[PDB]
Amino acid sequence: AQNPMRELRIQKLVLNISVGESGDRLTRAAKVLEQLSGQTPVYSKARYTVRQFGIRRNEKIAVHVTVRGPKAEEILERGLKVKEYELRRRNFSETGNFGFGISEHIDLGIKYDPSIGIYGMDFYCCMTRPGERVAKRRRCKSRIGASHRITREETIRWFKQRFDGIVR
Amino acid sequence: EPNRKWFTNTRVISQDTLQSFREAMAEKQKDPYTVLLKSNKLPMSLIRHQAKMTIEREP
Amino acid sequence: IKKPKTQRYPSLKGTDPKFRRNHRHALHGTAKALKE
Amino acid sequence: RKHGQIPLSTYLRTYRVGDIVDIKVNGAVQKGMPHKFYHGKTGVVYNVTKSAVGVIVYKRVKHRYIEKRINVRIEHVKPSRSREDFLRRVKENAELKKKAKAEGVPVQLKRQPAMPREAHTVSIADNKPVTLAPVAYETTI
Amino acid sequence: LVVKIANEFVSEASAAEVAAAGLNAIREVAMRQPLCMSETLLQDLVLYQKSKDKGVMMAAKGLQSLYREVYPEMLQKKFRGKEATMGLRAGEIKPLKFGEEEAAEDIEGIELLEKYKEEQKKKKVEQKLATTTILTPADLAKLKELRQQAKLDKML
Amino acid sequence: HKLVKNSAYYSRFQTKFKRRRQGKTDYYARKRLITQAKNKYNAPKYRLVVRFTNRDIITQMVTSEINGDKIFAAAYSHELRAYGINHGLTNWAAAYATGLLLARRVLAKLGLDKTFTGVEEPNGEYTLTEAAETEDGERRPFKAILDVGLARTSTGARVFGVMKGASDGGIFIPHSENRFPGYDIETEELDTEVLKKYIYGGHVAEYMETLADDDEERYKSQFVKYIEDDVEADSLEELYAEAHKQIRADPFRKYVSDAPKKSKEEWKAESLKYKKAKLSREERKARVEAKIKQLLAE
RNA sequence: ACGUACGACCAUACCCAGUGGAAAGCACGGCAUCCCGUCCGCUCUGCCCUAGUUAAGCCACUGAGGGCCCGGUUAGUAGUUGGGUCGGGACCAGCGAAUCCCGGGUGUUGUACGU
RNA sequence: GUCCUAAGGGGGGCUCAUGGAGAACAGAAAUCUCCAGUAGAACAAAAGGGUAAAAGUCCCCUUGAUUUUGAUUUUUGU
RNA sequence: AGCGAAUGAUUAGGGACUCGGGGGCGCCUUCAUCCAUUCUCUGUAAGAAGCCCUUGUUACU
């Protein structure tokens, strides 16, 4: 229970901008993600066509990026400043992951370039404990123990203890 | 062979349409000098107890 | 339906040509060995 | 046979010319598969190739038998236990006859079918017989 | 026009006959002018060959084959086929652009005819074509036969 | 509200093989590795199995039978402490030394050790052992095939370091130079100097030099036992060369592991002392009766 | 006997929950210069075996667990092969099951190196 | 008259259909994350057989989709 | 070999409707168009031509 190998850690933070249309808007959204993260973002195509969404199959409609390490903690804490360290209880998943979404990227500290415009973001934080390599490695891949899996209540407690957040 | 269309209505008609058809057809047989066209393809099937009560009351 | 007769030595006609050629060379060698 | 992976001791069995093999067709491997007939048939190996063997089968047509030579991969052939009862027996007769000739006493060395049993005595003590009716009395209850 | 036909005719709520008619019309328009279509829309329409309707399947395969002979670069590496990938790898297939006209500086098969003439001269010794010698009709027939043989060898 | 894992699912479930459920064996590659031509009959097919752990390298010569595999010879990385290498037992040079040791051991076991002596001074060149000029005639080199297991065979992996060590020991392993840690994919030319540097462990040496120049704290954190045993960056080449010389001199040295030492019988006794046992059926019936009494009380 | 590597049968081995692990070995682990690969050193690859911890993997035990496997019975029954100048199914001569129920069990083992 | 009668080989990586829980606009459906998932996907038989570090999908090279000679099966030549 | 929620119906109530058609005086309409809705899962073996030992031949391994 109090083992040093049971500490909750941020496995990754995934940043998503789903524009819903291809072209210059998606290019500028990818520029926003590249400027925020420091890495090359990856584009996401539509896997099937919807008529009244205005999208078609094999059309790039979204962009996303994954950050790990202290950079993920920094960007997540900036987003938590934007959300004023207040998340509703439904934002925490049953497996112990969480996430939220901002409506504009200027509040993270990015300057407003008139060429780029206004884009919002989806932040998703995936949490692990040390020992996830058991399920992610190639040779002798196994399953994480039930006592080692993260609980939604443990994630909520970790959030309220580290970030001084108000889960309500 | 089993088929789903054996258990469906094969001919349906609305109340006002049936009433208008019956009225027009009756007006047509009113005149004996008028003959129909393609009568075999027309829905002509739509056009074409005191003792019991007393015995029921008193056997 | 009687069982058909079977030859004492089956032909090398069915076997693979590499082993057939090696077997023919071996038969020539044992023939010269017997002749000696 | 269970779906999925094939056991790998199939490839480690060594077949030679003259060996007796069954044909049990594996559904998973389609290469080297024989006909619909010649499945479940026992034959003689005449040719041994890298991944397949040649099997001599005697098919029947009309009122005669025709020799057929069938090329079957090692997936579908299995060693046949028809002549193990011959090889073990002939070895056993070889050493037993050598030992009996060395010792001097002749023996019966041919296998014999089931003879009638000899006379013996059965004791009644602690095994007293019970009397049975044509129907059980607890059943008639 | 192609975008409107694709939006109104081939979609999730569209009927199979409507989708087949739209894809056939799109195939005919692409036959007349291939540059009207974008590569993403082309790959989307070619992926309709996995549809369970036979008419839509054949229409999508017709569009795919049409772009296979015409312009295979938009088509996916899975859907290009043998000859298209071989031509694109060896470098014979060139991009088709608006306004390009055939600009053969020499006759087709003239190099093959010159090679055949050189082979005949070498055989005679053992026993430039358009620049000096006038085109004999038998020589033109031999050049056409050599061009057909070269096309058959390239197909093989 | 549906249940995927129900009784019908558990009844229709067909498991994989045990060593595939454990994630240790690739049977698709194993079939090709162990399948021998039936024209060749009972000719053994030797495979050099290489495996890597956190603190050891496991190299074996393996043949296949019906009821199990046979280890003809085996060499481990921790046995290089007898030959001098007591630091960095999982690096590329230790992999090379373990492959060399396994090759020398299998050649000594076969008896062809003096007939087939490979490259005595490693140079870093793509070479394969050929037929030796025996007095009787031409003797072909002993042939083995590499088995990497579930390892990713990229450029610079130690699965090829073990293979290079065995090939320089004298075993004929069919191989190509494109997966050695000096090969450039664009140039398609192997860098002999870089390959020799990896053989003699110069990459670790320049790693220590770079950290000694740049980050002293991380250098002391990582290479602490190197400092404690006072082995330097420039001495690695001589250390590995002397280790190669001792391996070629006496390939059957015995190494004391410094672990607690006992015999098989009292190790068995200790393991049964530290072993809880299954309940007897009388005890399990007593506990089932206790559970039935608890259910009756409830 | 217990680990590791390669394995043979391929659930008595799988799935879900708990409890414990001497010794060493595995394992999580620590660092991204080199070889290498990624949107991300997550995986893969390279280097360290120092530190921490058995928390997870792994092993063992527990469960009136689901599943799976093996025995009795079911049953000399059902079924089936011949016979009668047997009746309007029963005998004679023989072969001969599987469910349902009642229970048991929850892996054996080869080679090599070690604890 | 147009259109369709199907891209094969080698190596490597990864699992599919679907369900549950979550993320600004975003909802039943657009993209992202985790868990469960014996094939319930896909492979040109719509409820046949066979496939999960693959026979599926993606990436990198390639056309063994090449000549020549016999044997076998379906049964004189095919 | 054929069938198949890849099916068969429902559309009263809501809309879009407009030239879809038609009527009356560019304007309204009367039908009708559809859409939104919903319902329906028998082979082989039982030997002297067979077994065991020794020994050669080979371009195969």
# chains A, B, ... in the order shown; residues from 1 in each chain; ligands from 1
call {"tool": "select_by_dssp", "arguments": {"residues": "stretch 3-141 of chain A", "states": "alpha helix (DSSP H)", "output": "MDAnalysis selection string"}}
result
chainID A and resid 24:37 70:82 133:136
call {"tool": "write_last_selection", "arguments": {"atoms": "C-alpha atoms", "output": "PDB file, in the first residue's frame"}}
result
ATOM      1  CA  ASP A  24      -5.550  25.805 -43.788  1.00  0.00           C
ATOM      2  CA  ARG A  25      -7.530  25.448 -40.548  1.00  0.00           C
ATOM      3  CA  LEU A  26      -5.999  22.033 -39.859  1.00  0.00           C
ATOM      4  CA  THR A  27      -2.550  23.331 -40.840  1.00  0.00           C
ATOM      5  CA  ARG A  28      -2.826  26.181 -38.329  1.00  0.00           C
ATOM      6  CA  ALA A  29      -4.128  23.792 -35.653  1.00  0.00           C
ATOM      7  CA  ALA A  30      -1.079  21.588 -36.261  1.00  0.00           C
ATOM      8  CA  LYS A  31       1.053  24.733 -35.996  1.00  0.00           C
ATOM      9  CA  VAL A  32      -0.552  25.494 -32.608  1.00  0.00           C
ATOM     10  CA  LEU A  33       0.134  21.962 -31.367  1.00  0.00           C
ATOM     11  CA  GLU A  34       3.727  22.070 -32.650  1.00  0.00           C
ATOM     12  CA  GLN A  35       4.366  25.427 -30.966  1.00  0.00           C
ATOM     13  CA  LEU A  36       2.865  24.238 -27.672  1.00  0.00           C
ATOM     14  CA  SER A  37       4.540  20.827 -27.472  1.00  0.00           C
ATOM     15  CA  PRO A  70       7.959  16.870 -17.193  1.00  0.00           C
ATOM     16  CA  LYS A  71       6.649  18.573 -20.347  1.00  0.00           C
ATOM     17  CA  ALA A  72       3.338  16.731 -19.961  1.00  0.00           C
ATOM     18  CA  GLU A  73       3.140  17.861 -16.327  1.00  0.00           C
ATOM     19  CA  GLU A  74       3.872  21.474 -17.311  1.00  0.00           C
ATOM     20  CA  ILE A  75       1.276  21.616 -20.108  1.00  0.00           C
ATOM     21  CA  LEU A  76      -1.291  19.817 -17.928  1.00  0.00           C
ATOM     22  CA  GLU A  77      -0.706  22.293 -15.098  1.00  0.00           C
ATOM     23  CA  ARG A  78      -1.162  25.212 -17.516  1.00  0.00           C
ATOM     24  CA  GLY A  79      -4.455  23.686 -18.641  1.00  0.00           C
ATOM     25  CA  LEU A  80      -5.371  23.270 -14.977  1.00  0.00           C
ATOM     26  CA  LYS A  81      -4.683  26.979 -14.486  1.00  0.00           C
ATOM     27  CA  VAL A  82      -7.093  27.585 -17.377  1.00  0.00           C
ATOM     28  CA  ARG A 133       6.292  -2.299 -18.901  1.00  0.00           C
ATOM     29  CA  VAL A 134       4.905  -5.723 -17.916  1.00  0.00           C
ATOM     30  CA  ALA A 135       1.890  -5.077 -20.151  1.00  0.00           C
ATOM     31  CA  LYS A 136       3.687  -2.915 -22.738  1.00  0.00           C
TER      32      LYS A 136
END
call {"tool": "closest_residue", "arguments": {"among": "F:268, F:2, F:40, F:32", "to": "chain C", "atoms": "only C-alpha atoms"}}
result
F:40
call {"tool": "atom_distance", "arguments": {"atom1": "atom CA of residue D:73", "atom2": "atom CA of residue D:44"}}
result
14.3 Å
call {"tool": "closest_atom_pairs", "arguments": {"of": "chain I", "to": "chain B", "cutoff": "9 Å", "atoms": "only C-alpha atoms (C1' of nucleotides)", "output": "CSV"}}
result
residue,atom,partner,partner_atom,distance
I:3,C1',B:2,CA,8.4
I:7,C1',B:4,CA,8.0
I:8,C1',B:4,CA,6.2
I:9,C1',B:8,CA,7.7
call {"tool": "residues_around", "arguments": {"residues": "stretch 12-22 of chain C", "least_positions_apart": "5", "cutoff": "12 Å", "atoms": "only C-alpha atoms (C1' of nucleotides)", "output": "PDB file with C-alpha atoms (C1' of nucleotides), in the first residue's frame"}}
result
ATOM      1  CA  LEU C  27      25.051 -49.798 -58.429  1.00  0.00           C
ATOM      2  CA  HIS C  28      27.796 -49.378 -61.036  1.00  0.00           C
ATOM      3  CA  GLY C  29      30.370 -49.175 -58.243  1.00  0.00           C
TER       4      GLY C  29
ATOM      5  CA  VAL D  17      11.664 -45.999 -47.593  1.00  0.00           C
ATOM      6  CA  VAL D  45       6.764 -45.221 -48.141  1.00  0.00           C
ATOM      7  CA  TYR D  46       8.642 -45.500 -51.433  1.00  0.00           C
ATOM      8  CA  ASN D  47      10.084 -41.986 -51.879  1.00  0.00           C
ATOM      9  CA  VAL D  48      11.327 -39.529 -49.250  1.00  0.00           C
ATOM     10  CA  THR D  49      11.620 -35.874 -50.263  1.00  0.00           C
ATOM     11  CA  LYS D  50      12.469 -32.676 -48.301  1.00  0.00           C
ATOM     12  CA  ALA D  52       6.894 -34.744 -48.493  1.00  0.00           C
ATOM     13  CA  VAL D  53       6.879 -38.525 -48.829  1.00  0.00           C
ATOM     14  CA  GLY D  54       5.481 -40.906 -51.432  1.00  0.00           C
ATOM     15  CA  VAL D  55       2.897 -43.418 -50.229  1.00  0.00           C
ATOM     16  CA  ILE D  56       1.848 -46.611 -52.028  1.00  0.00           C
ATOM     17  CA  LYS D  68      -1.467 -45.571 -56.679  1.00  0.00           C
ATOM     18  CA  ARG D  69       1.522 -43.421 -55.712  1.00  0.00           C
ATOM     19  CA  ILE D  70       0.471 -40.389 -53.668  1.00  0.00           C
ATOM     20  CA  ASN D  71       2.748 -37.476 -52.754  1.00  0.00           C
TER      21      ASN D  71
ATOM     22  CA  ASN F  39      16.145 -36.372 -47.363  1.00  0.00           C
ATOM     23  CA  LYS F  40      18.786 -35.573 -44.728  1.00  0.00           C
TER      24      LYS F  40
ATOM     25  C1'   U H  69      12.700 -32.473 -68.217  1.00  0.00           C
ATOM     26  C1'   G H  70      10.162 -36.513 -66.295  1.00  0.00           C
ATOM     27  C1'   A H  71       6.670 -38.660 -62.029  1.00  0.00           C
ATOM     28  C1'   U H  72       1.637 -38.794 -59.391  1.00  0.00           C
TER      29        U H  72
ATOM     30  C1'   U I  57      30.126 -48.585 -53.746  1.00  0.00           C
ATOM     31  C1'   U I  58      28.432 -43.643 -54.607  1.00  0.00           C
ATOM     32  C1'   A I  59      28.858 -37.801 -58.336  1.00  0.00           C
ATOM     33  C1'   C I  60      23.449 -38.032 -52.699  1.00  0.00           C
ATOM     34  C1'   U I  61      23.802 -36.182 -47.514  1.00  0.00           C
TER      35        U I  61
END
call {"tool": "atom_distance", "arguments": {"atom1": "atom CA of residue E:85", "atom2": "atom CA of residue F:155"}}
result
28.9 Å
call {"tool": "select_by_dssp", "arguments": {"residues": "chain A", "states": "strand (DSSP E or B)", "output": "PyMOL selection string"}}
result
chain A and resi 9-18+42-45+50+55+60-67+86-87+92+98-102+121-128+166-167
call {"tool": "decode", "arguments": {"residues": "stretch 27-54 of chain B", "atoms": "N, CA, C and O atoms", "output": "JSON list (two decimals), in the first residue's frame"}}
result
[["chain", "number", "residue", "atom", "x", "y", "z"],
["B", 27, "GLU", "N", -73.42, 5.60, -59.48],
["B", 27, "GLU", "CA", -73.85, 6.50, -60.54],
["B", 27, "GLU", "C", -73.59, 5.91, -61.92],
["B", 27, "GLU", "O", -74.31, 6.23, -62.88],
["B", 28, "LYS", "N", -72.57, 5.05, -62.05],
["B", 28, "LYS", "CA", -72.30, 4.43, -63.34],
["B", 28, "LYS", "C", -73.31, 3.33, -63.68],
["B", 28, "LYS", "O", -73.77, 3.25, -64.82],
["B", 29, "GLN", "N", -73.66, 2.48, -62.71],
["B", 29, "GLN", "CA", -74.73, 1.51, -63.02],
["B", 29, "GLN", "C", -76.11, 2.15, -63.02],
["B", 29, "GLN", "O", -77.08, 1.46, -63.37],
["B", 30, "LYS", "N", -76.24, 3.41, -62.62],
["B", 30, "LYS", "CA", -77.50, 4.11, -62.85],
["B", 30, "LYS", "C", -77.81, 4.24, -64.34],
["B", 30, "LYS", "O", -78.96, 4.08, -64.75],
["B", 31, "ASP", "N", -76.79, 4.50, -65.16],
["B", 31, "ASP", "CA", -76.98, 4.63, -66.60],
["B", 31, "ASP", "C", -76.72, 3.29, -67.28],
["B", 31, "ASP", "O", -75.60, 2.77, -67.20],
["B", 32, "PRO", "N", -77.71, 2.69, -67.95],
["B", 32, "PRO", "CA", -77.49, 1.40, -68.61],
["B", 32, "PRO", "C", -76.78, 1.49, -69.95],
["B", 32, "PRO", "O", -76.44, 0.44, -70.51],
["B", 33, "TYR", "N", -76.53, 2.68, -70.48],
["B", 33, "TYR", "CA", -75.88, 2.85, -71.78],
["B", 33, "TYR", "C", -74.40, 3.16, -71.65],
["B", 33, "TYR", "O", -73.74, 3.46, -72.65],
["B", 34, "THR", "N", -73.85, 3.09, -70.44],
["B", 34, "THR", "CA", -72.44, 3.33, -70.19],
["B", 34, "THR", "C", -71.78, 2.03, -69.75],
["B", 34, "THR", "O", -72.31, 1.33, -68.89],
["B", 35, "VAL", "N", -70.64, 1.72, -70.35],
["B", 35, "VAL", "CA", -69.91, 0.49, -70.07],
["B", 35, "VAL", "C", -68.51, 0.85, -69.61],
["B", 35, "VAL", "O", -67.94, 1.86, -70.05],
["B", 36, "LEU", "N", -67.97, 0.05, -68.70],
["B", 36, "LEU", "CA", -66.67, 0.34, -68.11],
["B", 36, "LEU", "C", -65.54, -0.03, -69.07],
["B", 36, "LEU", "O", -65.71, -0.86, -69.97],
["B", 37, "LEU", "N", -64.39, 0.59, -68.87],
["B", 37, "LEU", "CA", -63.15, 0.21, -69.54],
["B", 37, "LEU", "C", -62.24, -0.52, -68.57],
["B", 37, "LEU", "O", -61.97, -0.02, -67.47],
["B", 38, "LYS", "N", -61.77, -1.69, -68.99],
["B", 38, "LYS", "CA", -60.88, -2.56, -68.21],
["B", 38, "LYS", "C", -61.49, -2.91, -66.86],
["B", 38, "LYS", "O", -60.91, -2.66, -65.80],
["B", 39, "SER", "N", -62.69, -3.50, -66.90],
["B", 39, "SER", "CA", -63.39, -3.85, -65.68],
["B", 39, "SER", "C", -62.72, -5.00, -64.94],
["B", 39, "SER", "O", -62.91, -5.14, -63.73],
["B", 40, "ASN", "N", -61.95, -5.82, -65.64],
["B", 40, "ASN", "CA", -61.22, -6.90, -64.99],
["B", 40, "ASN", "C", -60.05, -6.40, -64.16],
["B", 40, "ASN", "O", -59.54, -7.15, -63.31],
["B", 41, "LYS", "N", -59.60, -5.16, -64.37],
["B", 41, "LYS", "CA", -58.54, -4.56, -63.57],
["B", 41, "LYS", "C", -59.07, -3.51, -62.60],
["B", 41, "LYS", "O", -58.29, -2.71, -62.07],
["B", 42, "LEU", "N", -60.38, -3.49, -62.35],
["B", 42, "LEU", "CA", -61.00, -2.59, -61.40],
["B", 42, "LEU", "C", -61.38, -3.32, -60.12],
["B", 42, "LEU", "O", -61.76, -4.50, -60.17],
["B", 43, "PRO", "N", -61.29, -2.66, -58.96],
["B", 43, "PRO", "CA", -61.65, -3.33, -57.71],
["B", 43, "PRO", "C", -63.15, -3.49, -57.53],
["B", 43, "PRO", "O", -63.75, -2.83, -56.68],
["B", 44, "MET", "N", -63.76, -4.38, -58.32],
["B", 44, "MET", "CA", -65.20, -4.53, -58.31],
["B", 44, "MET", "C", -65.70, -5.41, -57.17],
["B", 44, "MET", "O", -66.92, -5.52, -56.99],
["B", 45, "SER", "N", -64.81, -6.04, -56.41],
["B", 45, "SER", "CA", -65.24, -6.83, -55.26],
["B", 45, "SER", "C", -65.73, -5.94, -54.13],
["B", 45, "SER", "O", -66.55, -6.37, -53.31],
["B", 46, "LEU", "N", -65.23, -4.70, -54.07],
["B", 46, "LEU", "CA", -65.71, -3.76, -53.06],
["B", 46, "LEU", "C", -67.14, -3.33, -53.35],
["B", 46, "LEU", "O", -67.92, -3.09, -52.42],
["B", 47, "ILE", "N", -67.50, -3.21, -54.63],
["B", 47, "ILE", "CA", -68.87, -2.83, -54.99],
["B", 47, "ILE", "C", -69.84, -3.96, -54.68],
["B", 47, "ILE", "O", -70.94, -3.73, -54.17],
["B", 48, "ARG", "N", -69.45, -5.20, -54.98],
["B", 48, "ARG", "CA", -70.33, -6.34, -54.79],
["B", 48, "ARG", "C", -69.95, -7.15, -53.56],
["B", 48, "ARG", "O", -69.30, -8.19, -53.66],
["B", 49, "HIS", "N", -83.39, -10.86, -38.57],
["B", 49, "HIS", "CA", -83.08, -11.91, -37.62],
["B", 49, "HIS", "C", -84.14, -12.01, -36.54],
["B", 49, "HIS", "O", -83.86, -12.45, -35.41],
["B", 50, "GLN", "N", -85.37, -11.61, -36.89],
["B", 50, "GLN", "CA", -86.47, -11.57, -35.93],
["B", 50, "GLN", "C", -86.79, -12.97, -35.41],
["B", 50, "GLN", "O", -87.09, -13.13, -34.22],
["B", 51, "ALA", "N", -86.72, -13.97, -36.28],
["B", 51, "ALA", "CA", -86.95, -15.35, -35.86],
["B", 51, "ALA", "C", -85.91, -15.80, -34.84],
["B", 51, "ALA", "O", -86.25, -16.39, -33.81],
["B", 52, "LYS", "N", -84.64, -15.48, -35.09],
["B", 52, "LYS", "CA", -83.57, -15.86, -34.17],
["B", 52, "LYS", "C", -83.72, -15.15, -32.83],
["B", 52, "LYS", "O", -83.54, -15.77, -31.77],
["B", 53, "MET", "N", -84.08, -13.87, -32.85],
["B", 53, "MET", "CA", -84.25, -13.14, -31.59],
["B", 53, "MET", "C", -85.45, -13.66, -30.80],
["B", 53, "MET", "O", -85.39, -13.78, -29.57],
["B", 54, "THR", "N", -86.56, -13.97, -31.49],
["B", 54, "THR", "CA", -87.74, -14.48, -30.80],
["B", 54, "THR", "C", -87.48, -15.85, -30.19],
["B", 54, "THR", "O", -87.90, -16.13, -29.06]]
